[PDB]
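Below is one structure, written out as structure tokens; comments come after it.
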Amino acid sequence: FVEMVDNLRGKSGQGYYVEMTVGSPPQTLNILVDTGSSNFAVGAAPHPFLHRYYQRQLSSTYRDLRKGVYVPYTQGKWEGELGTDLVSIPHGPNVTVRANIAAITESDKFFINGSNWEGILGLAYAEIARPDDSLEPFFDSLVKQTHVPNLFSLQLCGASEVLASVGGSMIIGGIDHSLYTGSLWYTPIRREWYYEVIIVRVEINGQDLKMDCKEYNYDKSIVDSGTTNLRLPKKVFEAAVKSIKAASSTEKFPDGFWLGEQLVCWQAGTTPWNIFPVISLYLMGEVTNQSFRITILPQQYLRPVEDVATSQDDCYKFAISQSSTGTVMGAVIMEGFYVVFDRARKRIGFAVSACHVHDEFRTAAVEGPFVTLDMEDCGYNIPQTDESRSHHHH
Ligand SMILES: N#Cc1ccc(COC(=O)[C@H]2C[C@]3(CN2)C(=O)Nc2ccccc23)cc1
Ligand SMILES: [Zn+2]
């Protein structure tokens, strides 16, 4: 898997993207790797924020599906024309796949100025593909047309006139043991739409937040590489911030800091890491009543930004934010861990990332098992609307 190692790039907080070619002749595009979605889609017309885009009509292998598509996120929104074409990853498997592609023709708050990506690779399941689950997602097609094992793994590596470059690896088709240390612990995928998982317990510096564990997973908990922050449901976010405020309280930051909207700085090299607590999420084990914990440092949740105007300082952004659609384990979480999307056995593994940022006193950790007698159910059941209910699945 050496040729796939380090095949991701980007700018800190703006998404990791992989290089892909679409069409014949091949057009190269930098594509956001996003496990929080299931569409493959590329900018397909000019845009202030795009250097380039996919030109359907310059590809001899393009087939129009004569079908339109619309995907609204909440923070985002794009639409386009559905088609298929030949697709490959230069720093991936040595294969070419015919896959569905959405040619994006209009968008809003989707593309990111400076991010250097021109599309999105949705690696989640067909259930959340648009317009429906009959649109075969990229990964399904790849596994189905080639011999590629039904598994991929992600190692995202965290970091004056530009934001910091990041590097990552997406290993398509297996697990590169050089990308982690220690044990790989697996949590069941609750349902196959998002990479939904179940958190059973949260600790801030050893201290249990003591909430009904259902609050952790309200209304779901997902692993999303295409989300920058660790995002937490309102109740959970407030309790977590309270505890972090409290451990870090020899330092009094502005509201805007905790709201993720403002940098705080120290003299270069003098950041008092150790006044910031570790955060541990306990995840449901493969064995009933078992859990393991993934433990991140302030080096994951405190995100470096070089101030143009105080460039002599180390400055940081708080990259834990509030959610109203559940817990999102975003890059902040992922950048502690080598994460294994084991679709074949319907599970997600975490191990300590050989590239995670740490210090001489603490590291990100993956630890288990932990055991609960008569463990309750921490899963939430999303209310079923009539729209959703009325859909057939043939
Ligand atoms: N019909 C639908 C449908 C499908 C999936 C989702 C959920 O999509 C995600 O979570 C993806 C997309 C993402 C980050 N991850 C986002 O939300 N905005 C944004 C902006 C830019 C890049 C990536 C993203 C919501 C609705
Ligand atoms: Zn029917």
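Simple scheme: letters A, B, ... for chains in structure tokens order, numbers from 1 for residues in each chain, numbers from 1 for ligands in the order shown.
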
Per-residue DSSP, range 94-307 of chain A, filtered to alpha helix (DSSP H), as a ChimeraX atom specification:
/A:138-145,234-247,255-258,298-301

Export of the given selection (N, CA and C atoms) as a PDB file, in the first residue's frame:
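Saved to result14.pdb:
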ATOM      1  N   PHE A 138     -19.582   5.639  -5.478  1.00  0.00           N
ATOM      2  CA  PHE A 138     -18.297   5.296  -6.049  1.00  0.00           C
ATOM      3  C   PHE A 138     -17.696   4.018  -5.505  1.00  0.00           C
ATOM      4  N   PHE A 139     -17.684   3.864  -4.190  1.00  0.00           N
ATOM      5  CA  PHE A 139     -16.966   2.764  -3.603  1.00  0.00           C
ATOM      6  C   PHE A 139     -17.622   1.429  -3.941  1.00  0.00           C
ATOM      7  N   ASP A 140     -18.948   1.414  -3.862  1.00  0.00           N
ATOM      8  CA  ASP A 140     -19.698   0.229  -4.259  1.00  0.00           C
ATOM      9  C   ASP A 140     -19.313  -0.174  -5.673  1.00  0.00           C
ATOM     10  N   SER A 141     -19.238   0.790  -6.581  1.00  0.00           N
ATOM     11  CA  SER A 141     -18.931   0.484  -7.989  1.00  0.00           C
ATOM     12  C   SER A 141     -17.514  -0.065  -8.111  1.00  0.00           C
ATOM     13  N   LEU A 142     -16.611   0.498  -7.322  1.00  0.00           N
ATOM     14  CA  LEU A 142     -15.203   0.115  -7.399  1.00  0.00           C
ATOM     15  C   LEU A 142     -15.030  -1.359  -6.965  1.00  0.00           C
ATOM     16  N   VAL A 143     -15.590  -1.678  -5.804  1.00  0.00           N
ATOM     17  CA  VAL A 143     -15.561  -3.025  -5.273  1.00  0.00           C
ATOM     18  C   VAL A 143     -16.239  -3.997  -6.251  1.00  0.00           C
ATOM     19  N   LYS A 144     -17.322  -3.542  -6.890  1.00  0.00           N
ATOM     20  CA  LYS A 144     -18.127  -4.402  -7.783  1.00  0.00           C
ATOM     21  C   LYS A 144     -17.503  -4.680  -9.140  1.00  0.00           C
ATOM     22  N   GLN A 145     -16.695  -3.733  -9.632  1.00  0.00           N
ATOM     23  CA  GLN A 145     -16.093  -3.863 -10.979  1.00  0.00           C
ATOM     24  C   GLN A 145     -14.644  -4.377 -10.941  1.00  0.00           C
ATOM     25  N   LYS A 234     -26.073  19.967  21.250  1.00  0.00           N
ATOM     26  CA  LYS A 234     -26.096  21.120  22.143  1.00  0.00           C
ATOM     27  C   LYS A 234     -25.830  20.821  23.632  1.00  0.00           C
ATOM     28  N   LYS A 235     -26.565  19.869  24.198  1.00  0.00           N
ATOM     29  CA  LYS A 235     -26.455  19.584  25.633  1.00  0.00           C
ATOM     30  C   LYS A 235     -25.066  19.093  25.948  1.00  0.00           C
ATOM     31  N   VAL A 236     -24.547  18.272  25.045  1.00  0.00           N
ATOM     32  CA  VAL A 236     -23.280  17.624  25.288  1.00  0.00           C
ATOM     33  C   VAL A 236     -22.195  18.674  25.117  1.00  0.00           C
ATOM     34  N   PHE A 237     -22.321  19.469  24.059  1.00  0.00           N
ATOM     35  CA  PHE A 237     -21.341  20.525  23.801  1.00  0.00           C
ATOM     36  C   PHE A 237     -21.213  21.492  25.004  1.00  0.00           C
ATOM     37  N   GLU A 238     -22.361  21.892  25.556  1.00  0.00           N
ATOM     38  CA  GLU A 238     -22.354  22.836  26.676  1.00  0.00           C
ATOM     39  C   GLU A 238     -21.646  22.206  27.864  1.00  0.00           C
ATOM     40  N   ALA A 239     -21.909  20.918  28.135  1.00  0.00           N
ATOM     41  CA  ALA A 239     -21.295  20.263  29.294  1.00  0.00           C
ATOM     42  C   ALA A 239     -19.818  20.064  29.090  1.00  0.00           C
ATOM     43  N   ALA A 240     -19.411  19.839  27.837  1.00  0.00           N
ATOM     44  CA  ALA A 240     -17.993  19.568  27.536  1.00  0.00           C
ATOM     45  C   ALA A 240     -17.201  20.851  27.649  1.00  0.00           C
ATOM     46  N   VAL A 241     -17.784  21.922  27.122  1.00  0.00           N
ATOM     47  CA  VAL A 241     -17.126  23.231  27.113  1.00  0.00           C
ATOM     48  C   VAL A 241     -16.956  23.750  28.539  1.00  0.00           C
ATOM     49  N   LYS A 242     -17.964  23.478  29.349  1.00  0.00           N
ATOM     50  CA  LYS A 242     -17.938  23.857  30.750  1.00  0.00           C
ATOM     51  C   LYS A 242     -16.754  23.224  31.463  1.00  0.00           C
ATOM     52  N   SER A 243     -16.574  21.929  31.229  1.00  0.00           N
ATOM     53  CA  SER A 243     -15.506  21.206  31.865  1.00  0.00           C
ATOM     54  C   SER A 243     -14.132  21.644  31.352  1.00  0.00           C
ATOM     55  N   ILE A 244     -14.039  21.911  30.057  1.00  0.00           N
ATOM     56  CA  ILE A 244     -12.797  22.375  29.451  1.00  0.00           C
ATOM     57  C   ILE A 244     -12.480  23.809  29.900  1.00  0.00           C
ATOM     58  N   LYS A 245     -13.497  24.664  29.918  1.00  0.00           N
ATOM     59  CA  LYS A 245     -13.334  25.999  30.453  1.00  0.00           C
ATOM     60  C   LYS A 245     -12.708  25.890  31.849  1.00  0.00           C
ATOM     61  N   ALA A 246     -13.173  24.915  32.624  1.00  0.00           N
ATOM     62  CA  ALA A 246     -12.826  24.795  34.044  1.00  0.00           C
ATOM     63  C   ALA A 246     -11.379  24.327  34.257  1.00  0.00           C
ATOM     64  N   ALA A 247     -10.933  23.330  33.499  1.00  0.00           N
ATOM     65  CA  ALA A 247      -9.518  22.905  33.536  1.00  0.00           C
ATOM     66  C   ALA A 247      -8.593  23.984  32.996  1.00  0.00           C
ATOM     67  N   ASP A 255     -15.475  34.913  24.635  1.00  0.00           N
ATOM     68  CA  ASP A 255     -16.559  34.066  24.182  1.00  0.00           C
ATOM     69  C   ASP A 255     -16.281  33.514  22.777  1.00  0.00           C
ATOM     70  N   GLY A 256     -15.863  34.383  21.870  1.00  0.00           N
ATOM     71  CA  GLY A 256     -15.622  34.023  20.476  1.00  0.00           C
ATOM     72  C   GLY A 256     -14.660  32.855  20.328  1.00  0.00           C
ATOM     73  N   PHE A 257     -13.795  32.678  21.316  1.00  0.00           N
ATOM     74  CA  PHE A 257     -12.859  31.557  21.303  1.00  0.00           C
ATOM     75  C   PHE A 257     -13.610  30.203  21.408  1.00  0.00           C
ATOM     76  N   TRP A 258     -14.468  30.122  22.429  1.00  0.00           N
ATOM     77  CA  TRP A 258     -15.266  28.926  22.709  1.00  0.00           C
ATOM     78  C   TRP A 258     -16.352  28.677  21.685  1.00  0.00           C
ATOM     79  N   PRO A 298      -5.568  18.214  23.376  1.00  0.00           N
ATOM     80  CA  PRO A 298      -5.806  19.586  22.899  1.00  0.00           C
ATOM     81  C   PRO A 298      -5.046  19.875  21.612  1.00  0.00           C
ATOM     82  N   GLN A 299      -4.040  19.069  21.292  1.00  0.00           N
ATOM     83  CA  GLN A 299      -3.334  19.204  20.023  1.00  0.00           C
ATOM     84  C   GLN A 299      -4.212  18.789  18.826  1.00  0.00           C
ATOM     85  N   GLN A 300      -5.236  17.969  19.071  1.00  0.00           N
ATOM     86  CA  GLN A 300      -6.215  17.721  18.016  1.00  0.00           C
ATOM     87  C   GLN A 300      -7.331  18.787  18.021  1.00  0.00           C
ATOM     88  N   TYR A 301      -7.839  19.113  19.194  1.00  0.00           N
ATOM     89  CA  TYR A 301      -9.009  19.992  19.200  1.00  0.00           C
ATOM     90  C   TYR A 301      -8.668  21.472  19.198  1.00  0.00           C
TER      91      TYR A 301
END

Selection near residue 189 in chain A, 7 Å with only C-alpha atoms, sequence-local residues under 4 positions removed, as a ChimeraX atom specification: /A:195-197,346-348

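With distances restricted to only C-alpha atoms and all ligand atoms, A:323 is the closest residue to ligand 1 from A:61, A:27, A:323, A:280.
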
Around ligand 1, out to 8 Å and counting only C-alpha atoms and all ligand atoms, which residues are there? I want them as a ChimeraX atom specification.
/A:15,32,34-39,70-77,109-112,120,122,128-131,224-227

Using only C-alpha atoms and all ligand atoms, find each protein or nucleic acid residue lying at most 7 Å from ligand 2; present the set as a count of residues only.
-> 3

query: Using only C-alpha atoms, which residue out of A:157, A:99, A:172, A:200 lies closest to residue 290 in chain A?
result: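 Between A:157, A:99, A:172, A:200, the residue approaching residue 290 in chain A most closely is A:200.
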
Residues near residue 370 in chain A, anyone? I mean within 12 Å using only C-alpha atoms, not counting same-chain ones fewer than 6 positions away, as a PyMOL selection string.
chain A and resi 185+200-201+281-294

Query raised in the report: residue 353 in chain A: which residues within 12 Å, counting only C-alpha atoms, same-chain residues fewer than 4 positions away excluded, as JSON, numbers by chain?
Result: {"A": [153, 154, 155, 156, 157, 158, 168, 169, 176, 177, 178, 179, 180, 181, 182, 183, 184, 294, 295, 296, 300, 333, 334, 335, 336, 337, 338, 339, 340, 349, 357, 358, 363, 364, 365, 366]}
